[PDB]
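Trainee: Residues in the first sequence are numbered from 292 upward in steps of one, following the working numbering. Each residue gets a CB set at the ideal place from its N, CA and C atoms; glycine is no exception. Let me begin by handing over the structure; questions about it come next.
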Amino acid sequence: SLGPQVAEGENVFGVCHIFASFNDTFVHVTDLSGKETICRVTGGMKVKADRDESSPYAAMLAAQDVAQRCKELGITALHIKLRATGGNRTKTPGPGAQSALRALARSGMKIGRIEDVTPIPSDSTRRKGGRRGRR
RNA sequence: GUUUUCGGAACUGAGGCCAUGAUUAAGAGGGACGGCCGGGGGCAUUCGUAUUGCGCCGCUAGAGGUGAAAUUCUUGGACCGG
C-alpha cells in the first residue's frame, strides 16, 4: 500500500461513485479508469435496520469510513460522480446523496470534478407498475 | 284511250334569306397548373441510450424491496465499478 509520490508536490486522483438510491447508498471508489476498485462501502453495512439504509446519517459515516481507507493508499483528491436509480425509475438522487459527499468534504479528502451519470435512457422500456400506477 | 292546265300529298335538286343558331362564368363545384407545407400513409433503411442476459476483470458482505418487513438473490461472489 504505497503510492510513489511526494506529498509536497502534486495530488493523486481517484474517482468515486456515489450511487445514492432511495433504499441504499454506495460510496464505491476506483482508479482513474475504473477497472480496479479500491473500497466500496454501502449504507447498509453501517446500521442494522432496513429503514435507514438510505438515511443521510448512514451515508455520513460510510463516507468517513471509506475516506480513511483512501488515506494509507495515497489518494487525496477525488472525482465525484452522482447516480440516481436511473433507467425507467427516478432520476432524482436519494436522500443519502447530500450528506455523503459533504461528509468526505469534512474528512480530509480533496474534490475534483462533479458529474451526474444517472443512466438516463434514450427511449425507455415499459416502466414497472400498472397503468393505474401504484395505489 | 291520252297527257296537262287543276286542288291535295309525298320526295329530290338549286338557292335566296335570319342582326343565320351557344346567357353569365356563383365569396357553388370538379379539373389543370405553380412554388410550397405537414409527428398524413406505405415500403425499405439507419441511429440512440436504456433495460435484461452472457463473458471476462476488480474489490468485497451484504443486496433487494417496504409505511415498517418478509418472500427472493448472495463467499457457488450477489449487489456495485470496468
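#1: Straight-line CA distance for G421 to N379?
#2: Sort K337, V320, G335 and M336 by Cα distance to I329 and report the nearest one.
#3: Once you ignore the five residues that flank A349 on each side, which residues in its own chain have a CB closer than 8 angstroms to its CB?
#4: What's the gap between the Cα of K401 and the Cα of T367?
#5: The alpha helix (DSSP H) with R331 in it runs from where to where?
#6: Between which residues of its own chain and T376 is the CB-CB distance below 7 angstroms, once the five residues before and five after are set aside?
#7: What is the DSSP secondary structure of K419, reduced to helix, strand or coil?
Mentor: Working from what's here:
#1: As a first step, residue 421 must be located in the first sequence, where it is residue number 130. As a first step, residue 379 must be located in the first sequence, where it is residue number 88. Approximately 14 angstroms, taken between the alpha carbons.
#2: The residue given as residue 329 occupies position 38 in the first sequence. The candidate whose alpha carbon is nearest that of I329 is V320.
#3: Counting from 1 along the first sequence, the entry for residue 349 is found at position 58. Within the same chain, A349 has close Cβ partners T316, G334, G335, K337, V338, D343 and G387.
#4: As a first step, residue 401 is located in the first sequence; it is residue number 110 there, counting from the start. As a first step, residue 367 is located in the first sequence; it is residue number 76 there, counting from the start. If I take the Cα positions, the gap works out to 6 angstroms.
#5: As a working mapping, residue 331 is identified with position 40 in the first sequence. Premise fails: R331 is in no alpha helix (DSSP H) and is neither H nor E.
#6: As a working note, residue 376 is residue 85 in the first sequence. Cβ within range, chain order: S312 and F313.
#7: In the first sequence, the residue the question calls residue 419 occupies position 128. Note: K419 maps to coil in three-state DSSP.
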